[PDB]
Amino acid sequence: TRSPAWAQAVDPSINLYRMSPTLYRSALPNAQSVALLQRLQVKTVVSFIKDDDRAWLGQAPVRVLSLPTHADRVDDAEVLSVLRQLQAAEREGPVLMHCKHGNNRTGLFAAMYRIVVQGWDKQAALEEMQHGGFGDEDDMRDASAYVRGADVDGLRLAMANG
């Protein structure tokens, strides 16, 4: 993250980075991450895996939004749905989205958020994804292949027509 527009590191032990005041990006958090999430005022936790976050969140008054998925099966339709839901959650307050390792599934949706929601030019989102310190390229080939393949114009058009 030497580009200032890339996500800013907050807690590397769980691969936690800030994209904005209302959007964070991480790997699987644990019980001792809760205090931090509360200081960040996270109101919603979005998971792209089947693990039940309520197990480590305990009594934290956050909404749990479970969207378990597989990077190698994500399509345009799924992305639009996720981005719409992330956006809606942001309107409620700050959002944490995570997967297992915080770099493949999360890197896919983060990258698509950059492109479709913030209008970044694809190569730029891809560079954040593969070189932002979230992991190495070998960890995220699925995310990479989807992003490389996605029709950004169509996704933007479809996003506007919702």
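The numbering used is simple: start at 1 and walk along the sequence shown.
- The mean Cα B-factor in the deposited entry runs higher for 96-104 than for the other of 110-118 and 96-104.
- Per-stretch averaging of Cα B factors for 132-140 and 119-127 places 132-140 on top.
- Per the deposited record, the Cα B-factor of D72 falls in the highest third when ranked against the other modelled residues of its chain.
- When the modelled residues of the chain are ordered by C-alpha B-factor, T44 sits in the lowest third.
- Among all modelled residues in its chain, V152 ranks in the middle third by Cα B-factor.
- When the modelled residues of the chain are ordered by C-alpha B-factor, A145 sits in the middle third.
- When all modelled residues of the chain are sorted by CA temperature factor, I14 is found within the highest third.
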